[PDB]
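In short: position in the sequence shown from 1, add 1, done, that's the deposited numbering. For each residue, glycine too, the CB sits at the ideal point set by N, CA and C.
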Amino acid sequence: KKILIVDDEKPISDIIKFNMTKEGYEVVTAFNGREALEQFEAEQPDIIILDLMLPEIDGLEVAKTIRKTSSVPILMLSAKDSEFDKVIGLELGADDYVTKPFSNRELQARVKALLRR
Ligand code: BEF
Ligand SMILES: [Mn+2]
Numbered sequence: 002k003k004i005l006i007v008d009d010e011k012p013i014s015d016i017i018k019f020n021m022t023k024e025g026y027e028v029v030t031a032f033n034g035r036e037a038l039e040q041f042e043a044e045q046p047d048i049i050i051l052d053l054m055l056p057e058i059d060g061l062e063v064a065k066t067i068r069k070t071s072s073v074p075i076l077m078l079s080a081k082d083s084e085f086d087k088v089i090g091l092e093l094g095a096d097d098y099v100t101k102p103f104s105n106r107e108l109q110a111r112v113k114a115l116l117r118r
C-alpha cells in the first residue's frame, strides 16, 4: 500500500516515513499543499497523512480539494488540536485527526484501521 505524507517540517516527515517504511508501506512525501495535490494526482496513494499548517495551500484546502474527486482516506496530523480544528477537519472530509506530538505506534494503528475501512 502507498502512503503520501504531507508535512513542511522535514524532521517530522522523516520520522513518519521511517515508521511507515518499517511497516512495509511505500512512502511518497510532499512539503507543501501544492506538492500535496501534485503527488496525490501523480502517485494515487492509498492513504494520505495530512499536516494543516503548510506553505502555498493549507491542509484544510488540500483536503477539500481532494474530496471533489476522491474518497481516498485522509488522516489529518497537526499541532492544531482545538475542538474547532478537529471538527472542521472531519467535516471537510478527513476520516481521522491526530494531534502532535503523536505516538508512532498509535499512528501506525490508525493507518491500519483506516485502510481496513
Ligand atoms: F503544521 Be501541522 F498543522 F502541524
Ligand atoms: Mn506544518
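Next item on the list: Compute every distance between the C-beta of residue 15 and the non-hydrogen atoms of ligand 2, then say whether any falls below 6 angstroms.
Entry: no
Notebook entry, point to check: Which residue comes first and which comes last in the beta strand (DSSP E) that contains residue 28?
Noted result: 27-31
Item checked: For review: beta carbons within less than 5 angstroms of any heavy atom in ligand 3 -> The ligand content of the structure shown is limited to ligand 1 and ligand 2, which means ligand 3 is not among them.
Note to self: What does the Cβ neighbour count give for residue 18, buried or exposed, with the cut at 16 atoms within 10 Å?
What the structure shows: buried
Notebook entry, point to check: Any idea if residue 40 is buried or exposed, counting beta-carbon neighbours within 10 angstroms, 16 or more meaning buried?
Noted result: buried
Item checked: residue 56 burial status per 10 Å Cβ neighbour count (16 or more: buried) -> exposed
Item checked: Burial state of residue 36 (16 or more Cβ within 10 Å) -> buried
Next item on the list: Taking residue 38 as part of the alpha helix (DSSP H), name the residues at either end of that continuous run.
Entry: 34-44
Checklist line | Where residue 52 falls, given that 16 or more other Cβ within 10 Å makes a residue buried | finding: buried
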